[PDB]
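Below sits a lone chain in structure tokens, taken as the form deposited in one PDB entry.
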């Protein structure tokens, strides 16, 4: 046909606008399934997998796919021009489309703004007992944060951090990132961990704006700064519509789509010269962790093991 088969780890509200604009501008039909491809299914199906494009939200998932030989190399002058080298594979098998920060939200009323020098690590200190909310420790946004911490500190110190963080939780890990900010608004907790773009999404939503208004976005500024991760894309090894798949990822890297990522999603474009939204610009800039993206993913397995050892999500005692 004239189609492309997309498997998306992103829910419709954070990707449909980009894909609909792609369909209108190119004439190529997008078939989309929301993941639950699934890496194990893509592997076992092998040559019969209909997947063209896998849209990811985490570098560690990207490297799981690439390491399993489920991607293929894409050499595109358009991707080269649009995506800075630090946000795509040197070996051409994966491509970053946005960056996002995993930030600390605080209660406007009960905490205020965090001081310069505040670190993720501070959330494990005894004085924050009963005041911290985080979604499941096994959620990959969290595990990739902990993976970066292993690169910086090793597994003993990272485990001690996880034990302290767990000890300080106000409630059993539950919900997603926005839900923790709702909990700040309601008074259940005073500090949460979540991705930056969700603050802008909440502000844009009539039903969630009060959640964001009750919280302050903070970019950690300890030794290794603020954790960054990427939304991205891989073209599957056996892509049945590969030319169309390349046109899709080239489109997502371009000026128009990158502007949509900025203005609609409140994410940081990878493409230089594309301004963030007014909301995102208002937060100011921050010192990013200089860790290489692959060096986050390298530690994912070890981080997941630590989360299991500390039984992070168990709130029984």
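In this text, rigid core is short for the largest set of C-alphas that superpose within 1.5 Å between two forms. Numbering follows the first chain given and starts at 1.
Same protein, other form: the form deposited in another entry, not shown, and the subject of what follows.
Of 195, 142, 107, 241, which is the single residue whose C-alpha shifts by 2 angstroms or more between the shown form and the other one after core superposition? So the only displaced C-alpha belongs to 241.
With both forms fitted on the core, give yes or no for whether the Cα of residue 129 moves by 2 angstroms or more between the shown form and the other one. Shift at residue 129: below 2 Å after core fit.
Once the two forms are fit on the core, has residue 290 moved its CA by at least 2 Å between the shown form and the other one? False for residue 290: its C-alpha shift is below 2 Å.
Core-superposed C-alpha of residue 80 shifting 2 Å or more between the shown form and the other one: Where the cores coincide, residue 80 still shows a C-alpha shift between the shown form and the other one that is 2 Å or more.
Report the direction of the Cα distance change between residue 289 and residue 271 in the other entry, compared with the displayed form, as closer or farther; the change is 3 Å or more. Relative to this form, closer in the other entry.
Hey, the CA atoms of residue 76 and residue 290 end up closer or farther in the other entry than in the shown form, with the change being 3 Å or more? Their C-alpha distance shrinks by at least 3 Å in the other entry.
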